[PDB]
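[1] this one's sequence-less:
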Ligand SMILES: COc1ccc(CCN(C)CCC[C@](C#N)(c2ccc(OC)c(OC)c2)C(C)C)cc1OC
Ligand SMILES: Nc1ncnc2c1ncn2[C@@H]1O[C@H](COP(=O)(O)OP(=O)(O)OP(=O)(O)O)[C@@H](O)[C@H]1O
Ligand SMILES: Nc1ncnc2c1ncn2[C@@H]1O[C@H](COP(=O)(O)OP(=O)(O)OP(=O)(O)O)[C@@H](O)[C@H]1O
Ligand SMILES: [Mg+2]
Ligand SMILES: [Mg+2]
């Protein structure tokens, strides 16, 4: 897919013009080097009227700068605008195709995956085609023009530069490869600690229950040691790469200076020519190297566009926009589905429909019979043309469905799904989407027929009542009524209904059925429902069976036949950050960071030191004396450069050595602390979307980088830039004053332009993301419910909505592109203007015999090159704002403290426990939703030698009762006593270790089976004999021994090798290993091999001796086993007492006993 540009051939002229302008701009700079060399030669000759030549050179430079500014502006703006238009066209076409694709194909591919692909690849293509191509062309032009200037300026110097360049290129490539490999290795190494932390967090409930934070922290630290070693190595490698790059650059500078000096002394090209050739060649090589990101983005967008086009270029079997079918004006109710075989493309192995014969008259309430997966919903979908028969025939009114106008059939048909959904728009908006041609009378008619008058009118904006995201403001019955009204709005030739009132209750069932039967003579109504009451009244009823119809006839006939229908009938019967707090790693590298500070100062002086060395070298030729021995002096100066280079390399050898060693350490500290803070966090805090397992893992992982950057690299860059600026400014002021003022007025304008570049880039990215998300809200709303939209056949409406939502920000995108191009051009414009003005005014100054040309050149080079290097260094460090925010969040998390300290030292820990507990007037809903008080003041009391059972409120929050008993949360109200003692005042770890609490679906940590067993209670070693005894007690001795490797075997990811029964048995064995005084099981039975579950329960009852056992199970046996049974209802104990008395009561216990 190399050739990606595919639209607006006329607009392609914009691309051609932009390419030409970029080439002109790129070739401009070598011309700048040539003219600067000529000006330097003129100045040197003056050292050996003058104002006239200086004015001519300044005029040439100013003209070149203005032309380069115009070219840059034109190229940037044109490329950006053309790419934006192309991206808009691509997005529009892509969304059109997606909405026009096949429904079955959409079911084939993930909806979320496709939505993310669109919303991401759009920006990927925009980035890879926006300006990176323009910058690449400009860099190629710079390379070509620099090479041409070098060749036309001299042979020996050009050869030397060409020989120097590829060594630097290869060194840069090797350094980049090493850095990438180191980063990948470090991420892989840290993955172990990341997995450990993720497992701990996900198992947070079990971890807190067992109080095993110590072992997890130890493992995390063990991994973090190697992780920090690798990170320090990688940081040192990156710093050494930068150092070696600078050292090689300086060495090339010194070698070129020596060679040019020798040539000039030998009568070769003048000093100006040699300097121009050298600088032009170096800058061209720099541009060639800097062209890489454009090519990388080109390749990335190439792959993205290949995938996107493949998606778009797909030709769907069912096309919404297609109109090749014949659409008769008069439709008479007549449907035929003969030998209709149909299989889901998602699951092609099984043919859900294996052929059947069925006919449908006109205006007949055809009803379908069959159990789940019998072929009812799929039958309707095939009838609705959502798919086609694998082997069969489908026709309407004596005509094949495919042989008719797809759009007309879709519009003239009505489909009501068992799970109706309304778009996120006002009820009136959704109704209009159902039928725009209603004319405001059909709306009222439907509202009255479906009874959408009271509910519809009640909400604010009776007709225009807005519905929350996904229609969260409407109830199930109201939603079903609205869907029915919307279906009736179209008044289709035929309609189909499923799950009339299968949402919450049959109250709407009566009204819904009455309304549906009110208007059914004029159109055939496919009847689908979960209640035989509605099915009985059907005029015509037919059965389904394994993709075939056997039973048939009305309710009376079906009952007489005593078929499957008769069987069903019988069955019915943003905190602020602290900058100083950031200095918490000083305890590690406070004296160590001094070496890094010294290295940074050394580099920031070396830059201006190189400036001074170059000034001296230039002055050597500028010296009128020009002795032969001056060459030696020149060599001396040249030698200095080489020395400076070494000082650079060693300097880097220190920087990465220090900061790395510092930063990783700090990282480790944070890693040791942040997660530790998470460990000592109340379970209440864990109940929060902000504290999401994935979110917490990402914060822990993608925060060490931010904190380390903000701490180390921010200070490093600040110090380096400050040192460079101070040294340069001081040197320039010492060597002249007026030129110092000129350079100080010139350079900061360029610096401000460079900063504004990044500011505008970030702001534009944010604004583009905002607008794209604005459009994508509606895009996704349509995509997720794609089936409903297709049924409605209103795809054009969503297409128009997306078109408007994209056009509205398209103009803003174009304007931003134009402004950014203008600013980018102005950057180079100011650059060249200042470059020329500095030379002009320095020539004026020296013409007055005030300042020597050598000093002026020194000051100018210092200012310009130092400013450029400072900007590059500032860009080198990652973003401070994002790093600052991440550090603020990490510091807030670490400083966070728990209302109840799980690691608190103090705590009431009497000699033993009374084996009793009491909770009266208990009140605690939850942290997330306090609007639902769960405990309404229940009463519960456990004593010695008694087991408690929970019944009645199977869903009111019984598990919450166990959780609170474990102190997982804090009661909203109600007194609680631990064996007549303050539960809160009790010990922290003592209570956690004492209680053998289990969960519904325990997740076994992916460690050794023996390791999992021993995880029951740390701080007291668990000899393998104890594990064996616990396994024997919990029927796990045979299970553990039979399992390969015996106890040595380790469970996979949450015990993937063993079924849920094995995991439950292992959890029970671990609990028994804990040997708790009091034990609790909460709905761990389920089915889980009913005989096996009963055996496990019997073992537990035999294990309940000398302990208080809490039992929460949905099995009558569990109710019988419990010594004491307490019910729950309305947050209170509806029933309680003995099992015989509870059964005697006519209460929820009686209903459960009878029904169960
Ligand atoms: C797209 O990025 C670029 C932007 C502008 C330029 C041209 C810069 N010229 C006006 C010369 C200024 C000085 C210069 C820079 N930058 C520089 C001086 C000293 C340096 O330290 C040794 C240096 O290395 C970072 C670069 C160039 C010699 C490469 C090159 C670019 O490619 C690197
Ligand atoms: N991609 C798929 N592959 C296989 N089976 C699927 C697929 N999508 C849905 N199914 C299921 O296959 C069955 C097809 O039968 P159909 O839905 O027509 O009858 P049903 O008994 O009314 O269905 P359901 O049990 O869904 O209410 C349904 O149970 C449906 O949920
Ligand atoms: N942080 C929370 N905020 C709000 N509701 C929560 C929170 N955590 C859990 N819940 C809800 O509390 C209930 C948990 O206890 P639940 O009612 O399921 O216990 P139960 O009586 O054993 O019922 P069942 O066995 O039917 O699930 C669930 O409704 C769960 O959605
Ligand atoms: Mg169904
Ligand atoms: Mg439960």
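    Perfect, thanks for sending it. Numbering: from 1, shown residues only. Ligands and ions are numbered 1, 2, ... in the order given.
[2] Please count neighbours and contacts with C-alpha atoms only from this point.
    Will do.
[3] Show the contacting residues for residue 507.
    residue 501 (CA atoms under 8 Å, 6 or more residues apart in numbering).
[4] What's the separation between it and residue 477?
    Distance of residue 507 to residue 477, given as CA to CA, to the nearest Å: 9 Å.
[5] which residues are common contacts for those two?
    With CA under 8 Å, 6+ apart, residue 507 and residue 477 have common neighbours residue 501.
[6] what's the offset of stretch 971-982 from the middle of its chain?
    44 Å (CA atoms, centre = their mean, to the nearest Å).
[7] Quick check: end-to-end length of that stretch?
    The straight-line separation of the ends of stretch 971-982 (CA to CA) is 13 Å.
[8] Please spell out which residues along it are buried.
    Neighbour counts using 16 or more other CA atoms under 10 Å place 971, 972, 974, 976, 977, 978, 979, 981 of stretch 971-982 among the buried residues.
[9] Same question for stretch 560-573.
    563, 564, 565, 566, 568, 569.
[10] OK, contacts around the fifth one?
    By CA under 8 Å, 6+ apart, the contact list for residue 568 reads residue 532.
[11] And it, how close does it get to ligand 2?
    Distance of residue 568 to ligand 2, given as CA to the nearest ligand atom, to the nearest Å: 13 Å.
[12] ok, and that residue, which helix or strand is that part of?
    helix 564-572 (DSSP states H and E).
[13] Show the subsequent helix or strand relative to that helix.
    helix 586-589.
[14] looking at it, residue 1037 is touching residue 1025, isn't it?
    No. The pair residue 1037 / residue 1025 is not scored as a contact, 10.9 Å apart, by CA atoms under 8 Å.
[15] Looking at the two, which is more packed in?
    residue 1037 (19 against 9; other CA atoms under 10 Å).
[16] tell me the secondary structure for that one?
    Three-state assignment for residue 1037 (DSSP: H, G, I helix; E, B strand; the rest coil): helix.
[17] which ones are touching it?
    Applying CA under 8 Å, 6+ apart, the residues near residue 1037 are 1028, 1029, 1030, 1031.
[18] Just the buried ones from those?
    1028, 1029, 1030, 1031.
[19] Closest one to ligand 1 out of the buried residues of stretch 560-573, please.
    residue 568 (76.8 Å; CA to the nearest ligand atom).
[20] tell me which parts of the protein are close to ligand 3?
    Proximity of the chain to ligand 3 (CA under 6 Å from any ligand atom) is limited to residues 687, 926-929, 953-960.
[21] Taking those together, which two end up most distant?
    Maximum pairwise distance in those, criterion CA to CA, is 22.7 Å, between 687 and 953.
[22] burial of residue 163, as a residue count?
    Neighbourhood size, residue 163 [other CA under 10 Å]: 11.
[23] contact partners of the helix or strand residue 297 falls within?
    Here residue 297 sits within helix 292-313, counting by DSSP H and E. The set of residues external to helix 292-313 that reach it, using CA under 8 Å, 6+ apart, is 1-2, 4, 93-94, 97-98, 118, 121, 124-125, 127-129, 132-133, 135-136.
[24] from those residues, which would you call buried?
    93-94, 97-98, 118, 121, 124-125, 127-129, 132-133, 135-136.
[25] Could you single out the nearest of these to residue 580?
    Taking these together and measuring to residue 580 by CA to CA, the closest member is residue 127, at 38.2 Å.
[26] TSV please, covering the buried ones among the contacts of residue 1037 and showing secondary structure.
    Shown next, in TSV, are those (three-state DSSP):
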residue	secondary structure
1028	helix
1029	helix
1030	helix
1031	helix
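[27] Adding distance to ligand 1, write those residues out as CSV.
    Below are the buried ones among the contacts of residue 1037 laid out as CSV (distance: CA to the nearest ligand atom, whole Å):
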residue, distance to ligand 1
1028, 67
1029, 70
1030, 68
1031, 68
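[28] could you show me where the strands are in the stretch 201-350 of the chain, in order?
    335-342 (DSSP state E, counting those that start in this stretch).
[29] Please list the residues of it that sit near ligand 2.
    Checking the stretch 201-350 of the chain against ligand 2 by CA under 6 Å from any ligand atom, the hits are 344, 346, 347.
[30] Of those residues - the most surrounded one?
    Greatest neighbour count in these, by other CA under 10 Å, goes to residue 344: 18 neighbours.
[31] before we move on, the earlier item: which of the buried residues of stretch 971-982 sit farthest apart?
    So, the buried residues of stretch 971-982 by CA to CA: farthest apart are 972 and 979, at 20.5 Å.
[32] tell me the domain boundaries of the protein?
    335-572, 917-1155 (automatic domain parsing).
[33] Quick one, which of these gets closest to residue 801.
    domain 335-572 (11.7 Å).
[34] measure that closest one end to end?
    Domain 335-572 end-to-end distance (CA to CA) = 31 Å.
[35] now swap in stretch 1034-1049 and tell me
    End residues of stretch 1034-1049 are separated by 18 Å (CA to CA).
[36] Buried residues, it. List them.
    1034, 1035, 1036, 1037, 1039, 1040, 1047, 1049.
[37] swap in stretch 1010-1030?
    When burial is assessed from 16+ other CA under 10 Å, stretch 1010-1030 yields the following buried residues: 1010-1018, 1022, 1026-1030.
[38] In the stretch 401-550 of the chain, which residue sits closest to ligand 1?
    Counting by CA to the nearest ligand atom, the stretch 401-550 of the chain gets nearest ligand 1 through residue 469, at 45.8 Å.
[39] how near is that residue to ligand 2?
    Taking CA to the nearest ligand atom, one finds residue 469 at 26 Å from ligand 2.
[40] How about residue 258?
    Counting by CA to the nearest ligand atom, the separation of residue 258 from ligand 2 is 76 Å.
[41] Can you show me the helices along the stretch 701-850 of the chain?
    In the stretch 701-850 of the chain, the helices defined using DSSP state H, counting those that start in this stretch lie at 714-734, 738-784, 786-792, 795-847.
[42] From the chain's centroid, how far away is the last one?
    Between the centre of helix 795-847 and the centre of its host chain there is 31 Å, according to CA atoms, centre = their mean.
[43] what do you get for stretch 515-526?
    Once both centres are worked out by CA atoms, centre = their mean, stretch 515-526 turns out to sit 48 Å from its chain's centre.
[44] So which of the buried residues of stretch 1010-1030 are in strands?
    Under the assignment DSSP state E, the buried residues of stretch 1010-1030 contribute nothing to strands.
[45] Nearest to ligand 3 among those?
    Using CA to the nearest ligand atom, those come closest to ligand 3 at residue 1016, 23.4 Å.
[46] wait, that closest one sits on residue 210?
    Yes. Using CA under 8 Å, residue 1016 makes contact with residue 210 at a distance of 5.8 Å.
[47] how about the nearest residue to residue 273 once chain neighbours are set aside, what does it touch?
    Leaving out its chain neighbours, the residue that sits closest to residue 273 by CA to CA, 6 or more residues apart in numbering is residue 37, at 5.6 Å. Applying CA under 8 Å, 6+ apart to residue 37 gives the contacts 272, 273, 274, 275, 276.
[48] Give me the neighbour count for the second one.
    Under the neighbour criterion other CA under 10 Å, residue 273 is assigned a count of 25.
[49] quick one: it from residue 39, how far?
    10 Å.
[50] and if you look at the fourth one?
    The gap separating residue 275 from residue 39 is 11 Å, by CA to CA.
[51] what does residue 852 give?
    15 Å.
[52] same deal with residue 615?
    Distance check for residue 615 against residue 39: by CA to CA, it reads 16 Å.
[53] My understanding was that the residue of the stretch 401-550 of the chain closest to ligand 1 contacts residue 422; is that so?
    No. Residue 469 lies out of contact with residue 422 (CA under 8 Å); the separation is 10.1 Å.
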